[PDB]
Structure formats: C-alpha cells, structure tokens
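Here you'll find one protein chain in two forms, each presented separately as structure tokens under the names structure 1 and structure 2.
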Structure 1
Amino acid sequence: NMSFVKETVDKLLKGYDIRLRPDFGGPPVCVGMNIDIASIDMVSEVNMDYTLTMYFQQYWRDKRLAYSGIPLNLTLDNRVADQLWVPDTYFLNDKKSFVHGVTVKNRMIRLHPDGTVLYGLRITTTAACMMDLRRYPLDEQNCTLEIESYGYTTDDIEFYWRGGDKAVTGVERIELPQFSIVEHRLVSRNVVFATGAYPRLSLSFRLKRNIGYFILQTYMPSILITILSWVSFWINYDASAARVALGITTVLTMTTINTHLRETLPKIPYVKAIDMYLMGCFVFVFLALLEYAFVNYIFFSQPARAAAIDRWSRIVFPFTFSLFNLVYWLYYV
C-alpha cells in the first residue's frame, strides 16, 4: 500500500531535526564503512596523485528513523538524503573529488525497520600520494586513502570497517597498466588535534612498478651507444678523422637520446636513478673521446706508448663500465 508507506515516511520525517546527530548528548554513533573499488583510473608522478573511483557506503543507526508495521527495507529516492542526517565523512588527502550525477546523483538511501540506515555514493576522487622516486623506475610506492569525520570528535562518532578485513573489495580486479598492487591494508585509529580526537580510517596500497618497458626502451639505447663508443678503440692507428667522426657521432647521439628521453620522462626536478645512469654513460663516452685525444697527441712522438695505451683502454673501458653497471644494478635492486 503506497499511501500507508507515504504516511509512515512522513511520520518519520516530521519532527525530525537534520541538524542533530543521532543520540545527541549520548553515546557516539558508530558508523561502519564499505569501499567497493571500481577502478584506479591512473597514477601520476608529475602531480604525485592517483585517481580512484569507488562505491563508498556508510552504515549507521538513527533511532528517529525507525519504523514499525512494515516488513520491508525502504530503498528511498536519493533526494530524501537531503532531508536526513548523514556523517560528515571526508577524504583527508583528496584534491578533487565528486559524486557522479548521471542520470541522477549516484546516491542510495536504504532505511531498515530497526532504524538502521545505509547511505551509498559513487565517488571519483584524486588522492595525493607523496612518492619517493629516488629509485625510479625501480621504485615501490605506498599510496593511501584517508577517511575522517570533519566536524564530530570521537565523543560523537566512531568509524569502523564493516566486514573486518574484507570491508574493501575490488582491489584484485584493478588493472593498472604500469603498477601491480602487491598488498592492501585497512587501518583504524584515532588522531589528535587541538579540537580533540577524531576517528580515522586508512586504505593503503603498495604499488610495484613494471620495468620491462624501461629496460627495452631506456637502458638498451644507452648501452648500445656505449658499445659503439668502445668500437672506436679498434679503428686503425692513424685515423685522425674517421675515428674522431665516430666519436662525434657517438657523443651527438648520446646528447640527442638524453634530451629526447628526458622529454619523455616526468618533469619532476630532482635526481633519479635513470638520470644517474645516463650521466654515467655520458661521462664514459666523454672519457673515451678524451682517451682518443690523448692518444692522438702522444702518437707522433711515442707511437709505441700510444698503441699500448689504446690496447689497455680496449680492456679497461668495458671492465670499468661493467663494474659501474654492476654497482648500479645492485645499488637500486
């Protein structure tokens, strides 16, 4: 009977003060939370933030909304949520979050006979994640979503994960093009500020970055250019022009590769591992050119010593570069 249900809803909402929390002046209202992660849209190191779309649901108990005589759970229209009390839950570290509004506001209100209220939203947020990219791209990020009550202290509200360790779902279905979610954690605690103690929930992901693309697109050209520089040591004895032309081509190619690659890398202004590796390759080709210059300078007066120096460099350069490569791949793994 629609008229009877309308009468019940009007009776519930009449004399109902939306400005007062449930059990005002009494025990805090326990609010449980569920997060169904639809998808992690993207992760950006330039802005150091990740975009996250989720179904965020809050469960609590408002005795003023308890009804009797109806053996049903009333799934009301979303607009009635504007006439109820809802927790002032906000995301601590978000930068731009919104609730989808097509074709209507993605909002669900479900009343229960015992006064229990379920309130669901579909939120696309952009949470800030500070990233330690000193080991980029061989890095590992820990990005968290923080949930807190904005106004009410722990004396008026409490947050708990509804469902224990399985309160957050959908993480296993996330397809991140570059990262792999190694682990996710749920944390509940109380934080302290000048006004008092606030409840706090935290959903943490550990993202591990794939390195195949960097290996097959970033390091390999530099290694090949270094080998091409090494080729110079086995070019004639008096090729004062062809050998220096090969070195010139090597240096110009190294500069072009570094410039274009840094263009194809995030513009974050601090030293990274790939920057160190490219600097090392540049220093190595520069040292090869310096060795050629010194050999050419001493070639006319002491040809035997020049040839000996060239032969010794033929071994020293690959060995020193391999030592540097080993210490680099062991320092960053």
Structure 2
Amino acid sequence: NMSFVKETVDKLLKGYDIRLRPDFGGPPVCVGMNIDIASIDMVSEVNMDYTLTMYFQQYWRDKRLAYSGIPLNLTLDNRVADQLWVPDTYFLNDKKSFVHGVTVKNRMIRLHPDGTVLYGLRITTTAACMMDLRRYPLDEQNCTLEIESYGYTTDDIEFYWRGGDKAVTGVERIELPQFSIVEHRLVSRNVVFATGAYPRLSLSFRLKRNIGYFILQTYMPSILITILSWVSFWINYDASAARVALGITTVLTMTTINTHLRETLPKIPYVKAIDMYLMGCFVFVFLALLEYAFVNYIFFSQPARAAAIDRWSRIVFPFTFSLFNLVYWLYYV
C-alpha cells in the first residue's frame, strides 16, 4: 500500500518541467490566495514601516500532478516544492522578509487527486507604509501590503482572494499596544508597468492611534506646568526674585518638553497636532513672565495700576487657557 504511493509520486515527477508554468502557451493559470495573520508588531514612525507575520497560502491546479487510484490528499515533504512549479508571488512594499526555518522550512505542499496544489508559507515581512503625522497623536493611518506576480502578466496568471471577503482571517485577534485596527479591506486589480499588465491583490488595514499614553506623558505634564505659572499672580510684585524664578523655570521647562518629544520621531517638516499644543502652552507661560516684566517696570511709579493687572491676570489667564483647550480638542477630536 506504500510502494504504490512511491510509484505514483515518482511517476508524477518523471519528465516534469519546472521551467514551464501550468498550461504554458495557453490560458492563464488561476491562483487563489488566503492569508492567516499571526501577529502585527513594530509599527514604527521613525522607520515608517510595520512588521507582519502570516500563514501565506496559495492555491492552484496543475494538470500534470493529477493522480488516480489513491483516494487521499497527499501531503509531501516540503523539500519537494523545489521540484515543482510555484507562483513567483512577491510583495512590492516588502523591505526585509524571511521564511521561518525551525525546525525545518515552514512550508507545506499538499496535492489533490485532480491536480490541485496547496502551497503554504510562514512569512515575516517588514512592509513599508509612509505615514501622515499632521494630526499626530490623534492620527489615523492606513498601512497596506501589495501582492503581485513578478514575471507573469495577465496573459499567464490570475490572482483572486479565495473566499471573497473571508480570505484574510486573524485580524480580530491582533492586539497592538498603541493602535486599534478599525478595519481591513481586500482589493483586486491590475497594474500596468513598462513590461506588461500584472495582477495585484492588496490588503489594507486602518489603524487608529490610542491617546491614553500621550495624555499621561505630554498633555498632563504640559497642563500642570502652565497652571503652575499662574501662581506668580498671587505673589506680591515686590518679590522680584520669587516671581522671575517661577516664570523662568516654567518657560524653559516647556521648551525642554517640546524638543524632547521631537527627537523620538522622524524629522518631518510640517507641524503636528502635538506641536500646536506645546507651542500654545509656551505662549501662555511666556506671557505670564512677560506680564511681570510689565508690572515690575511700572509698579515703582504707580502701585494702583500694577495691582490691578495682577488681579485681572488671575481671571484672564485661567479663562483663556480653558478656551484654548476647548477649541483645540473640539477641532481635533
């Protein structure tokens, strides 16, 4: 019962031409693809890429690998893939990928009686996606993964998602520390290059950034520093050293916070949403120190108006900062 299987498998590979695709010189071979996503990690802005691990699967039919007399779906050792024709699928935005290799090559070959071939791989790829950070950290990104055939045009090969919208699974189980996957979408189309028209499958995710981390790290520390600068309004204007030290310390602290954050991100020229907040909070703490410079310069000649400016600043500064926060958050959120 086993010598029959060896006889059949040897017969299938006898005279098989790995150079010729199925139906060479005839109709295009249809190739169906499934993806099972294992994890997503290393979604980076500094490098503008993400890392994806998947169980990539391709499904097609080769009439030369049809066998009869055995009512079984033969799973063969993956080293036989080196002797068969497999599609030359590649990822266009792929930057650095590999197939896992412990304890053997993470590869599957399963033949069916009618000649249908199932071919699976376990791939980890660092794919590229360029991000728009104008609304960072309230941003919403969209990172894709292009799938295409390098050598075979639409006259030779066709791609489709095997299962329609159910082709890609495992998206709902992905847990990202800093993102939540709002949606995923599957696209099939053709791309025209200088050498012909090629089939393309596209898988795209929509990522929404979580703001909980940035509240504890950049917003709340900046609000408290801005609030603390208003303490100088309840100190007597004759205490020059006390109010200047309070004003200077908060002003330079806000500058240090802004420069520290921008050193952990790519050197982007535009202004992000987190920059508008720190620049807004800088002006509030810069004017409070500038408020005393006016009071200090004027309190010798007249203490009546110098005292009034301090009292008004106890009301205008808290009132306007809350209006600044009202406009900022309603515009972005």
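For the two forms, the rigid core is made up of the largest set of C-alpha atoms that agree within 1.5 Å on superposition. Reference numbering: structure 1, starting with residue 1.
Participant: When the rigid core of both forms is overlaid, which of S202, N190, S180, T256 is the one whose C-alpha moves 2 angstroms or more between structures 1 and 2?
Facilitator: By this measure, the answer is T256.
Participant: Can you give the angle in degrees by which the smaller rigid part turns relative to the larger between structures 1 and 2?
Facilitator: Between the forms, the smaller part turns 13 degrees against the larger.
Participant: With the core fitted, just quote the Cα shift at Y270 between structures 1 and 2, in angstrom to one decimal.
Facilitator: Its C-alpha shift, to one decimal, is 4.9 Å.
Participant: Supposing the core is put in the same place in both forms, how far has the CA of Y237 shifted between structures 1 and 2, in Å?
Facilitator: For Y237, the alpha-carbon shift amounts to 2.5 Å.
Participant: So, with the core fitted, how far does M54 move at its Cα between structures 1 and 2, in angstrom?
Facilitator: Comparing the two forms, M54 shifts 0.3 Å at C-alpha.
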